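What follows is a single structure, written as C-alpha cells, with notes after it.
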Amino acid sequence: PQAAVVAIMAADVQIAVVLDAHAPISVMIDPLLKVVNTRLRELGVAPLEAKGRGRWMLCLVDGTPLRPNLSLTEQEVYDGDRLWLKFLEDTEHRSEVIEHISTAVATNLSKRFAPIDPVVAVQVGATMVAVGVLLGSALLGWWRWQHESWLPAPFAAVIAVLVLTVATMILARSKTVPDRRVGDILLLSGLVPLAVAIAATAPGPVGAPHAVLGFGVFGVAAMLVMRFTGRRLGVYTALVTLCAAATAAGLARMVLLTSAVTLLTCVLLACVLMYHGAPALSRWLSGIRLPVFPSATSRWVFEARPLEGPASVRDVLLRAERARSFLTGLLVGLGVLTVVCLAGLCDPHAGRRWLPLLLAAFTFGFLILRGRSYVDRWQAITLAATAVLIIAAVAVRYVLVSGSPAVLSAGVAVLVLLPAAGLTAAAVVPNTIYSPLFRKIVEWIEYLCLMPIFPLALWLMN
Amino acid sequence: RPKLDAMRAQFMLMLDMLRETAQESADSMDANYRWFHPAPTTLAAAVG
Amino acid sequence: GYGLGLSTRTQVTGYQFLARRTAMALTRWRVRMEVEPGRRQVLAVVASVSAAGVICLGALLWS
C-alpha cells in the first residue's frame, strides 16, 4: 500500500520517518512517540515529557493539528511533507461569568484589546510631524512654482536643518530601542524640505533646472543614508530609483532640448530593462556591508535562538532580508515610473495615439510575467498593482480631457470588466492550475510582447 | 441625586470586590477538581 | 417587565446611573466611579447651550 516518507520534528531534532499513508493518526502517534524518545535518548538529548494533563498531537509546520480520527491521506499529508509533534496543554477550565453588564464589558474589552501606550504615542507624534513637514515643503514648492520669491528657500532650509538635527540627536541618543524608527521617520520627512530648499535656489522661472537639482540632491541624500544608517531601505530604494529617473530627465532637458515624448519612451525602456535586471541588481546590493541593524523577521528569529555556526546563519538571514527589501523597493519605484510614463504618453488628442496603447498592453503582459514569476507576495502584488494602474492612468488621461461619451463609455467599461477578468483567472480557475505547456505558452506570449517595444521605442523617439 | 449616585457606585465597587473573591475561590476549586478528575482524553499520560 | 408599563423616578435615576457606569466601562476600561468627568463635561455643554439661550433672549428685548 501507499506510504508517506515525511520528516517529523520534535524537541529540536528532525527525524525522517516512513509512515503508513492511510492508517489514522490515532493508531501511529503512540509508537512514533516511543521511537522518537528512543532516538533522543540514544542521542543524549532529553526525551519528550507529558507536562501535566494534556495530549500528544501532531501538527503541520504551519501549526494546525492533524485530525487524529483521520488518516494522512484524507487530510492531504503527502510524501515530503513535515510534521511537528507536540504535547498540547489541556484547554478546559471553568467558564467564568461576570453577571453585571458594565463590569463584563470593561473586563472583556480590557482583556481582549490593546490600549494606547506612550510607545505608540511617540510614533504617532513622529508620523504627524512628518505629514506636517511634507505639507510645508510641498506648500513652499507650490508657492515657488506660482511666485518668483527667493524668500521661501531660507524657510525650507531652516526647517530642514532643524528636523534633521533633531532626527540625528534622537538616532544617536535613543538608538537603544526599535523605536528608533521615530528617528527614521523624521529623517525621511526632513530630507524633502532640504531638497526643495536646494531646488528653490535655482533662479529664474521654475522648471527642469529646479527639478533636476532637487531630485539629484534628494537621491544623493537617500544614497548616503544607506551607508550611514542602513535602516528602512526599501523606501529609500524606491526614492533613489525615482530620483535617478528624474535626474536623467532633467539633464536630458538641460544638456539637450529633447521633447517630453522622447524622454518618456526612454524612461519606459529603462524601466523594462531594469525590471529584467532588478533581481540580479538586488543580489548585488545584498552585499554592500552597510550597518547591521536587523529588521523585524530577523529580530524575531534572533530572539528565539542564541561560514560556520551562528554567525553564518545570521549573515545569511540578514543578507537575504536586505535582498528582499531592496528588490521590493526597486519594483515599487519601477511601478511608479512605468505608470507615470504611460500616463504621460497617452494624450488622447494626438495623431499617434493608437501606438502607446499598444505599448501599454505589451508592458501590461510583461509585468504579469514577473507577477507570476516572482515569489514574494508583496512583489507579485506590486507588479499586479502597477499593471492595473497602467490601464487606469491611461484610461483617465483619455476620458478626463477628451469630452466625449464614446471614450467615456469605452474607458468605464474596460475599467470595470478588466479587473474582473483579472480576478476570474484565480476565482473560477481551479487553484489557478494550468498545464506547464500552457503556462510556458503564456510566458511566450508575454515575452513576445517585449521585442515590439524596441522598434516602437525607435519610432516614438523618431 | 448626587449623593444617591455616590452610594450606588460605592455599593457596586464593594460587590465587585466580592465577585473577584468568588472568582479566585472558583479557580482554586477548578484546579483541585480537574487535578482529581482529568478529562478522558488527557488520561493517556498513564504514568506518574 | 416588558412593554410600556409605568416606572418610578427612582428607577429613572437608577437606569441613568447604570447608563453612565456602562458608558465609563465602554470608553475607559475601569469602573471605579468615585469621580466622573463625563458628567462634568456634559454639564459644560449644558452651560454652553443655556448661555446661548440666555443671549438669544437678551437679543429679543431690542426693538
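In the C-alpha cells, chains take the letters A, B, ... in the order shown, each chain's residues start at 1, and ligands count up from 1 in the order shown.
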
| request: Could you give me, as a PyMOL selection string, each residue of stretch 9-42 of chain C that DSSP assigns to alpha helix (DSSP H) when run on this structure's backbone? | output: chain C and resi 9-27+37-42

Contacts of residue A:26 at 10 Å (only C-alpha atoms; same-chain gap of 3+ positions) as a PDB file with N, CA, C and O atoms, in the first residue's frame:
ATOM      1  N   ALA A  23      -3.172   4.660   7.583  1.00  0.00           N
ATOM      2  CA  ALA A  23      -3.531   4.487   8.987  1.00  0.00           C
ATOM      3  C   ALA A  23      -3.950   5.825   9.604  1.00  0.00           C
ATOM      4  O   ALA A  23      -3.327   6.856   9.331  1.00  0.00           O
ATOM      5  N   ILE A  29       0.459   7.534  16.470  1.00  0.00           N
ATOM      6  CA  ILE A  29       1.054   8.581  17.309  1.00  0.00           C
ATOM      7  C   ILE A  29       1.856   8.007  18.483  1.00  0.00           C
ATOM      8  O   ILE A  29       2.985   8.442  18.742  1.00  0.00           O
ATOM      9  N   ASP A  30       1.294   7.037  19.209  1.00  0.00           N
ATOM     10  CA  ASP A  30       1.994   6.449  20.355  1.00  0.00           C
ATOM     11  C   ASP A  30       3.330   5.784  20.012  1.00  0.00           C
ATOM     12  O   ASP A  30       4.348   6.156  20.630  1.00  0.00           O
ATOM     13  N   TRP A  56      -0.773  14.182  23.483  1.00  0.00           N
ATOM     14  CA  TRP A  56       0.224  14.174  22.425  1.00  0.00           C
ATOM     15  C   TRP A  56      -0.446  14.295  21.068  1.00  0.00           C
ATOM     16  O   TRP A  56      -1.399  13.570  20.770  1.00  0.00           O
ATOM     17  N   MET A  57       0.051  15.216  20.250  1.00  0.00           N
ATOM     18  CA  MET A  57      -0.591  15.563  18.993  1.00  0.00           C
ATOM     19  C   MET A  57       0.469  15.896  17.959  1.00  0.00           C
ATOM     20  O   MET A  57       1.611  16.224  18.286  1.00  0.00           O
ATOM     21  N   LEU A  58       0.057  15.827  16.700  1.00  0.00           N
ATOM     22  CA  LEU A  58       0.913  16.151  15.574  1.00  0.00           C
ATOM     23  C   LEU A  58       0.308  17.315  14.816  1.00  0.00           C
ATOM     24  O   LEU A  58      -0.898  17.345  14.558  1.00  0.00           O
ATOM     25  N   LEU A  66      -3.297  17.905  13.154  1.00  0.00           N
ATOM     26  CA  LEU A  66      -3.931  16.880  12.344  1.00  0.00           C
ATOM     27  C   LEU A  66      -5.126  16.272  13.072  1.00  0.00           C
ATOM     28  O   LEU A  66      -5.145  16.167  14.299  1.00  0.00           O
ATOM     29  N   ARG A  67      -6.132  15.875  12.292  1.00  0.00           N
ATOM     30  CA  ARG A  67      -7.278  15.089  12.739  1.00  0.00           C
ATOM     31  C   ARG A  67      -6.883  13.692  13.201  1.00  0.00           C
ATOM     32  O   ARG A  67      -6.460  12.872  12.376  1.00  0.00           O
ATOM     33  N   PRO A  68      -6.979  13.390  14.501  1.00  0.00           N
ATOM     34  CA  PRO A  68      -6.477  12.091  14.983  1.00  0.00           C
ATOM     35  C   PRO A  68      -7.294  10.924  14.471  1.00  0.00           C
ATOM     36  O   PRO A  68      -6.744   9.862  14.154  1.00  0.00           O
ATOM     37  N   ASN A  69      -8.611  11.108  14.383  1.00  0.00           N
ATOM     38  CA  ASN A  69      -9.560  10.167  13.807  1.00  0.00           C
ATOM     39  C   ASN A  69      -9.405   9.986  12.307  1.00  0.00           C
ATOM     40  O   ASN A  69     -10.104   9.143  11.737  1.00  0.00           O
ATOM     41  N   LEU A  70      -8.530  10.736  11.648  1.00  0.00           N
ATOM     42  CA  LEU A  70      -8.377  10.628  10.210  1.00  0.00           C
ATOM     43  C   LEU A  70      -6.955  10.227   9.867  1.00  0.00           C
ATOM     44  O   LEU A  70      -6.006  10.514  10.603  1.00  0.00           O
ATOM     45  N   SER A  71      -6.830   9.552   8.734  1.00  0.00           N
ATOM     46  CA  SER A  71      -5.548   9.192   8.166  1.00  0.00           C
ATOM     47  C   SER A  71      -4.894  10.354   7.430  1.00  0.00           C
ATOM     48  O   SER A  71      -5.522  11.364   7.103  1.00  0.00           O
TER      49      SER A  71
END

Check your understanding: Could you write out as a ChimeraX atom specification the residues of chain B within 8 Å of chain C, counting only C-alpha atoms?
Key -> /B:1,5-6,9-10,13

Which residues, written as a PyMOL selection string, have at least one atom at most 12 Å from residue B:22, with only C-alpha atoms counted and residues fewer than 5 positions away on the same chain left out?
(chain A and resi 96-98) or (chain B and resi 15-17+27-29)

Tell me, counting only C-alpha atoms, for each residue of chain B within 7 Å of chain A, which pair of atoms is nearest and how far apart they are in Å to one decimal, in rows ordered by chain and increasing number, as CSV.
residue,atom,partner,partner_atom,distance
B:30,CA,A:94,CA,6.3
B:38,CA,A:53,CA,6.8
B:41,CA,A:55,CA,6.9
B:42,CA,A:54,CA,4.8
B:44,CA,A:55,CA,6.9
B:45,CA,A:50,CA,6.5

Save out the residues we just selected, N, CA, C and O atoms, as an mmCIF file, in the first residue's frame.
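Ended up saving to selection-v2.cif:
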data_model
loop_
_atom_site.group_PDB
_atom_site.id
_atom_site.type_symbol
_atom_site.label_atom_id
_atom_site.label_comp_id
_atom_site.auth_asym_id
_atom_site.auth_seq_id
_atom_site.Cartn_x
_atom_site.Cartn_y
_atom_site.Cartn_z
ATOM 1 N N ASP B 30 -11.699 24.734 40.765
ATOM 2 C CA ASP B 30 -11.484 24.165 39.442
ATOM 3 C C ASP B 30 -10.172 23.404 39.359
ATOM 4 O O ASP B 30 -10.131 22.271 38.861
ATOM 5 N N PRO B 38 -9.142 14.473 35.768
ATOM 6 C CA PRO B 38 -8.782 14.854 34.399
ATOM 7 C C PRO B 38 -9.844 14.439 33.393
ATOM 8 O O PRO B 38 -10.628 13.515 33.615
ATOM 9 N N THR B 41 -9.660 12.338 27.527
ATOM 10 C CA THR B 41 -8.591 12.456 26.542
ATOM 11 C C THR B 41 -7.224 12.549 27.205
ATOM 12 O O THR B 41 -6.259 11.928 26.749
ATOM 13 N N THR B 42 -7.131 13.292 28.302
ATOM 14 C CA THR B 42 -5.857 13.544 28.955
ATOM 15 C C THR B 42 -5.337 12.351 29.744
ATOM 16 O O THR B 42 -4.186 12.388 30.192
ATOM 17 N N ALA B 44 -4.302 9.604 28.799
ATOM 18 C CA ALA B 44 -3.180 8.980 28.105
ATOM 19 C C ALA B 44 -1.809 9.296 28.702
ATOM 20 O O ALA B 44 -0.809 8.796 28.181
ATOM 21 N N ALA B 45 -1.727 10.136 29.740
ATOM 22 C CA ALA B 45 -0.477 10.287 30.481
ATOM 23 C C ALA B 45 -0.020 8.957 31.069
ATOM 24 O O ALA B 45 1.164 8.610 30.989
#

* To do: At a cut-off of 7 Å, list the chain C residues touching chain A, using only C-alpha atoms, as number ranges by chain.
  => C: 21-22, 25-26, 29-31

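Here atom CA of residue A:41 and atom CA of residue A:25 stand 23.6 Å from one another.
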
In Å and to one decimal, atom CA of residue A:73 is distant from atom CA of residue A:1 by 11.9 Å

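The coordinates place atom CA of residue A:160 at 5.3 Å from atom CA of residue A:190.
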
Notebook entry, point to check: Using only C-alpha atoms, which residues sit within 9 Å of residue C:20 once same-chain residues fewer than 5 positions away are excluded, as an MDAnalysis selection string?
Noted result: chainID C and resid 15 25 36 38:39

Output file for the residues above (C-alpha atoms, as a PDB file, in the first residue's frame):
ATOM      1  CA  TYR C  15     -31.163  53.469  34.938  1.00  0.00           C
ATOM      2  CA  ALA C  25     -16.896  50.957  31.202  1.00  0.00           C
ATOM      3  CA  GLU C  36     -16.692  61.020  36.664  1.00  0.00           C
ATOM      4  CA  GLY C  38     -18.426  62.561  31.698  1.00  0.00           C
ATOM      5  CA  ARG C  39     -20.998  64.322  33.847  1.00  0.00           C
TER       6      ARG C  39
END

Quiz item: Just asking: which residues within stretch 15-87 of chain A are strand (DSSP E) according to DSSP, as a count of residues only?
Solution: 19

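If only C-alpha atoms are the atoms counted, then among A:152, A:300, A:126, A:330 the closest residue to residue A:166 is A:126.
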